[PDB]
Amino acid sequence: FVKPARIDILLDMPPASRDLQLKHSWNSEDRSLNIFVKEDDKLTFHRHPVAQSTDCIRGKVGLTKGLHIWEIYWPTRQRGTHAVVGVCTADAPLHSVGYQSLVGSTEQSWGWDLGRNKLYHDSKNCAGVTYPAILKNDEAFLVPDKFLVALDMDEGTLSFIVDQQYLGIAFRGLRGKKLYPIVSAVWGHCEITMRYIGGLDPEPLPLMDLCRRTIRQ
């Protein structure tokens, strides 16, 4: 569960400015109409307490290259029966009638259902996969309030970091696409905050950073 080189180094660099966080925040114009971005906090959205409804919202920026990491703050008691976090194309539906793991339900999105600890992608046709893989006896892995999402558009992978622990590659095959951060929620009044952490080009990293990484090990 050791963070791969690039991720570790990116996480040791200074977090993206307040300006960058806003540029990569939730898109108030690309959302389910049961969700609204907080006027007093553009990095956080609020879901209306609508019964039998699953709702999503996409981030403003679709990523096509480079390594990108963003932090999700989702209060554990505001998740309910279906809380999913991941990425999707511009075509993934943002709303669904009924409670379900919307993100990852079609080939248009990839997501980690926090409660079931299941990875979903085109789930109507492909079964979910347990994640982290080390779980046994269908035991729950409680994802805390905050955790990190790492999207590497160079290698085409998606992975998550919890409590500083890398949980491994979740999805592969994302190269060549334009992906947006997304979550599907069913909890009345839940508020999810997304803070862009940083981005890293696929170029040789400075020796200084490489050394500090080896030392942190």
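For every residue, the number given is its place in the sequence shown, counted from 1.
Practice prompt. On mean C-alpha B-factor from the PDB entry, just flag whether 187 to 195 or 156 to 164 is the higher one.
Written response: The recorded data point to 156 to 164.
Worksheet item: Where do the C-alpha atoms have the higher mean temperature factor in this entry, in 64 to 72 or in 178 to 186?
Response: It is 64 to 72 that shows the higher mean C-alpha B-factor.
Practice prompt. Just say lowest, middle or highest third for the CA B-factor of residue 30 relative to the other modelled residues in its chain.
Written response: Middle third, going by the recorded CA B-factors of the chain.
Worksheet entry | Third of chain Cα B-factors occupied by residue 124 | Top third by C-alpha B-factor.
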